[PDB]
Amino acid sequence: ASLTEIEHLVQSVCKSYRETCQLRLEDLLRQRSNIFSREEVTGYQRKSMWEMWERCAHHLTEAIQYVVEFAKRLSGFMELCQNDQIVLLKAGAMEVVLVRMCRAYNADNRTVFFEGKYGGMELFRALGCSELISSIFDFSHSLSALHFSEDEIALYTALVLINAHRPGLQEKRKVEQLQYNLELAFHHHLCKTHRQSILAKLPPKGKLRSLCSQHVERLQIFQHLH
């Protein structure tokens, strides 16, 4: 709405993000050295489809709850009706989860942090979702090339959540106000750090819609006759 409350907004969001991320970037980097041995990997591959789905679904659910907390710490979010909160939370929450998981990825050897160590795609063999796992790893790789700072992720994902072009909203104009403020903050921050160039190199989303839709499709296959 004005200057200096804009910077207050930026630091507000970055603070909320710092307090709602599962692991801190310091520790994810620190443990890049720590890799799953072949015994451990094949250990994960010998799990049944249903054990593996249970584990990953749990991890996913945990991640999503952390994103829900993040949303609650954004100014204006709690003053929305329960409905709009829910809508925004569906779409946004899983998408935000995928960006943060970009944080958890290591492009040097194409491994991701999982249950304490780094490992490649081969773990998730037990899931029986080769194409989806591939898509996830590719997305994280390309985002990893952009070198997001924690602040850039904070603001980007806040913008992913607070989208007033989600179909189903009742108080569309309140969400548009929150969105507008957040876009303003994001762009001012990028200019002050001279990172605005990255606005061209953002992932076209609908690539993100593809990951979500893929999760839905594979869930539909999974629960079909079992």
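For clarity, a rigid core is taken as the largest C-alpha set superposing within 1.5 Å between two forms. Numbers follow the displayed sequence, beginning with 1.
Fitting each structure in 7 other deposited structures of this protein onto the rigid core and averaging C-alpha distances over structures and residues, 197-205 emerges as the more displaced of 62-70 and 197-205. Taking only CA atoms, the mean B-factor in the PDB entry is higher for 191-199 than for the other of 191-199 and 43-51. Looking at mean Cα B-factors across 217-225 and 2-10, the upper value is held by 2-10. Note on 29, 162, 169, 60: the highest value goes to 169, judged by CA B factor as recorded. Across 122, 108, 95, 79, the entry's maximum B-factor at the CA atom is seen for 79. Remark: residue 67 belongs to the lowest third of its chain, ranked by C-alpha B-factor as recorded. For residue 158, the recorded CA B-factor ranks within the lowest third of the chain. Only modelled residues enter the ranking.
Looking at the C-alpha B-factors along this chain, the one for residue 175 belongs to the highest third. When the modelled residues of the chain are ordered by their C-alpha B factor, residue 149 lands in the middle third. Split the chain's modelled residues into thirds by C-alpha temperature factor. Residue 90 is in the highest one.
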